[PDB]
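Structure first, then comments.
Number of protein chains: 10
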Amino acid sequence: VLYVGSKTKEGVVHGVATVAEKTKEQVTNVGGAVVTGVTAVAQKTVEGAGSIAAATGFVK
Amino acid sequence: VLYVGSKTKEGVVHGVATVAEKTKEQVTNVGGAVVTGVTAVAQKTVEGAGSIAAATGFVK
Amino acid sequence: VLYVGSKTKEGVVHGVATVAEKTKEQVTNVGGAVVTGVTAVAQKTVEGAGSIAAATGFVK
Amino acid sequence: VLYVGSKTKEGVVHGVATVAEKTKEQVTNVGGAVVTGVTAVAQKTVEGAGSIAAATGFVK
Amino acid sequence: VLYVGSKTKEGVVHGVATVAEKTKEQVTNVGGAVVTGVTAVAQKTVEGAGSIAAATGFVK
Amino acid sequence: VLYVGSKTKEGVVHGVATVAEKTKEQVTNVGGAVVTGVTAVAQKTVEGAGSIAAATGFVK
Amino acid sequence: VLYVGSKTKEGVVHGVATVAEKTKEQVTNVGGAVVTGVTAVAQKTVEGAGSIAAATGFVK
Amino acid sequence: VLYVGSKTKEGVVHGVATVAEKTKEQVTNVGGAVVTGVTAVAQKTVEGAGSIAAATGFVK
Amino acid sequence: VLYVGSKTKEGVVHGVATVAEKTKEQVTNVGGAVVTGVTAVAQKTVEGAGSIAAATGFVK
Amino acid sequence: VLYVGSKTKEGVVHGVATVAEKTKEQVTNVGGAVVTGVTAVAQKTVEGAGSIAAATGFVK
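Going down the list, the protein sequences come from chains J, H, F, D, B, I, G, E, C and A.
Following the entry's author numbering, the numbering of the first sequence begins with 37 at its first residue and continues without gaps.
Following the entry's author numbering, the numbering of the second sequence begins with 37 at its first residue and continues without gaps.
Following the entry's author numbering, the numbering of the third sequence begins with 37 at its first residue and continues without gaps.
Following the entry's author numbering, the numbering of the fourth sequence begins with 37 at its first residue and continues without gaps.
Following the entry's author numbering, the numbering of the fifth sequence begins with 37 at its first residue and continues without gaps.
Following the entry's author numbering, the numbering of the sixth sequence begins with 37 at its first residue and continues without gaps.
Following the entry's author numbering, the numbering of the seventh sequence begins with 37 at its first residue and continues without gaps.
Following the entry's author numbering, the numbering of the eighth sequence begins with 37 at its first residue and continues without gaps.
Following the entry's author numbering, the numbering of the ninth sequence begins with 37 at its first residue and continues without gaps.
Following the entry's author numbering, the numbering of the tenth sequence begins with 37 at its first residue and continues without gaps.
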């Protein structure tokens, strides 16, 4: 796997620029997976998840 | 795996620039997984999760 | 695994620049996993988690 | 694993620059995992966690 | 594992620069895990935790 | 000029969130006014300038 | 000028959150005004300038 | 000028959170005004300048 | 100028949180005004300058 | 100028938190004004300068 050159960007995240203004907000969770941010994950080789919430299990 | 060159960025996160202004906010959690930040994870080789909340288990 | 060159950034997080202004906020947690910060994890080789909250277990 | 060159940053976190201004805030936790800071972990080889809160156990 | 060169930063945290101004704040914890600081951990090889709060055990 | 109420924002700038990545750049100035930043001025009552570069004067 | 109420922000700058990554850069100035930063000025009552570079004068 | 109330922020700068990474840089100045920082000035009543570089005078 | 209340911030600078990493840098100045820091000035009433570099005078 | 209340911050600077890492650097000055630090001046009433470098005078 000989490489030469000047660059090779594999799996990056490099620009995100964000602004949020939420005046009022409230969350009620029974069972439990709520993702309400920005979440800038990035990776190269994966065997099962990049990001997730996954909601697994009994709730009454 | 011979490499030469000038760079190789594998799995990075390098730009995120954020601004949030939330006037009022409240969370009620029964069961328990709530992610409401910025969360800038980044990695190279993974065997099961990059980020998560995962919600696993009995709740009554 | 011979390498030469000038650099190789594997799994980094190197730009995050954040500003939050939350006037009022309150959290009530029964069961217990709430992540509401910035959370800048980063790593290279993983066998099960990058970040998490994980919500595991009985709650009545 | 012969290496030469000029650098190789593996698993770093090197830019985070943050400002928070939260006027009022309060947390009530029964069960116990709440992470609301900045949390700049970073590492190289892992066998189970990068950061966590983990919510494990019976609560009535 | 012969290495030569000019540097190799493995698992560092080297930029964090923070400012917090929280006018009023209060925490009530029954069960006991609350992390609300800055938390700049960093390490090289791990077999189970980078940082944690862990919430384990019976509470009535 | 009696005022009551809950707020009145007069002349503010309160969201700007920016990311620039300029690989190479060079400036040659004879006469002298070059503004190439972000420049977030803001004000309330003015008698002649908000921002400027102004280019005034003899050059040979 | 009786005022009552809960707030009045006059001339503020309160959100700017920036990230720049300039690999190479060079400036040559004859005459002399170059502003290439972030420049977050803010003010209330002014009689002639908010920010400036102004380029005034003979150059040969 | 009777005032009452709960606050009045006049001319502030209170959020700036910045990160710069400039690998190489050089400046050559003949005549002399170069501002390449962050520059967070802020003020209330002014009679002629908020910030400046001003470039004034003969150069050969 | 009777005032009452709970606060009044006039001309402040109270959040700046910065990180710079400049690998190589050099400046050559003939004539002499170069500002390349952070520069957090702030004031209340002014009769001529908030910050400056000012470039004034003959140079050959 | 009767005042009452709970506070009034006039001309302050109270948050700056900085990190610089400059690997190599050199300055050559003929004429003489170079400011490359942090420079946190702050004041209340002024009749001519907040900070400065001022570049005044003949140079050959």
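Using N, Cα and C, we set each Cβ at its ideal position, and we do this for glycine too.
Of all the CB atoms in chain E, is at least one closer than 8 Å to the CB of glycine 68/D? False, the Cβ-Cβ gap to chain E never drops below 8 Å.
Mapping DSSP to helix, strand and coil, what is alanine 53/D? Secondary structure at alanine 53/D: strand, using DSSP grouped into helix, strand and coil.
Partners in chain D for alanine 76/C, counting only beta-carbon separations shorter than 9 Å: Neighbours of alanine 76/C in chain D, taken as residues whose beta carbon is under 9 Å from its own, are absent, since the nearest beta carbon is some 13 Å off.
Separation of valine 74/B from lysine 60/F, as counted between CA atoms: Spanning the two alpha carbons is a distance of roughly 20 Å.
With DSSP collapsed to three states, give me the class of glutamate 46/I. In the structure shown, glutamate 46/I adopts extended strand secondary structure according to DSSP, grouped into three states.
Between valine 82/C and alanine 90/A, what straight-line distance do the alpha-carbon atoms span, to the nearest angstrom? Straight-line measurement puts the Cα of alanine 90/A at about 18 Å from the Cα of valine 82/C.
Taking Cβ to Cβ, would you say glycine 47/F is nearer than 8 Å to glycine 47/D? Yes; because the gap between Cβ atoms is below 8 Å, this pair is in contact.
Please list the partners that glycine 51/F has in chain G, where partner means a Cβ-to-Cβ separation under 8 Å. In chain order, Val55 and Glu57 make up the part of chain G whose C-beta sits under 8 Å from the C-beta of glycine 51/F.
Kindly indicate which three-state DSSP category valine 37/C falls into: helix, strand or coil? In the three-state reduction of the DSSP assignment, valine 37/C falls in the coil class.
Under a three-way DSSP split, which group does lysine 58/D fall into? Three-state result, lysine 58/D: coil.
Through-space distance from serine 87/H to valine 66/J, alpha-carbon basis: For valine 66/J and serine 87/H, the distance between alpha carbons rounds to 21 Å.
What are the residues that DSSP puts in a beta bridge with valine 66/A? For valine 66/A, which the question treats as bridged, DSSP gives the partners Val66/C.
Residues in its own chain within less than 7 Å of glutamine 79/A by CB, not counting five upstream and five downstream? If we look at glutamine 79/A and ignore the five residues flanking it on each side, its Cβ neighbours are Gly47 and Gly86.
Is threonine 92/F near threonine 92/D, with beta carbons less than 8 Å apart? In contact: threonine 92/F and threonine 92/D (Cβ atoms closer than 8 Å).
According to DSSP, is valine 74/F helix, strand or coil? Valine 74/F falls in the coil class under three-state DSSP.
Spatial distance of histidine 50/J from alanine 76/J (CA atoms): Their backbone Cα atoms lie some 9 Å apart in a straight line.
Should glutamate 57/J be labelled buried (16 or more other beta-carbon atoms within 10 Å of its own) or exposed? Under the 10 Å beta carbon count, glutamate 57/J is surrounded by fewer than 16 other beta carbons and is classified as exposed.
Rounding to the nearest angstrom, what Cα-Cα distance links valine 52/C and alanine 53/A in this structure? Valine 52/C and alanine 53/A have their C-alpha atoms some 6 Å from each other.
To the nearest angstrom, how far is the alpha carbon of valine 37/I from that of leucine 38/E? In a straight line, the C-alpha of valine 37/I is about 11 Å away from that of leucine 38/E.
Could you name the residues that DSSP lists as bridge partners for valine 95/C? Paired residue(s): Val95/E and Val95/A.
Output needed for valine 95/J: all residues of its chain with C-beta closer than 8 Å, excluding positions within five of it in sequence on either side, in chain order. For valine 95/J, where only same-chain residues beyond five positions count, the Cβ hits under 8 Å are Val66 and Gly67.
Taking all protein chains shown into account, do 16 or more other C-beta atoms lie within 10 angstroms of the C-beta of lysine 45/G, making it buried, or fewer, making it exposed? When all chains shown are included, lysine 45/G counts as buried.
If you draw a straight line from the C-alpha of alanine 69/H to the C-alpha of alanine 69/F, how long is it? About 5 Å.
From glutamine 62/G to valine 55/A, what distance separates their C-alpha atoms? C-alpha separation (whole angstroms): 23 Å.
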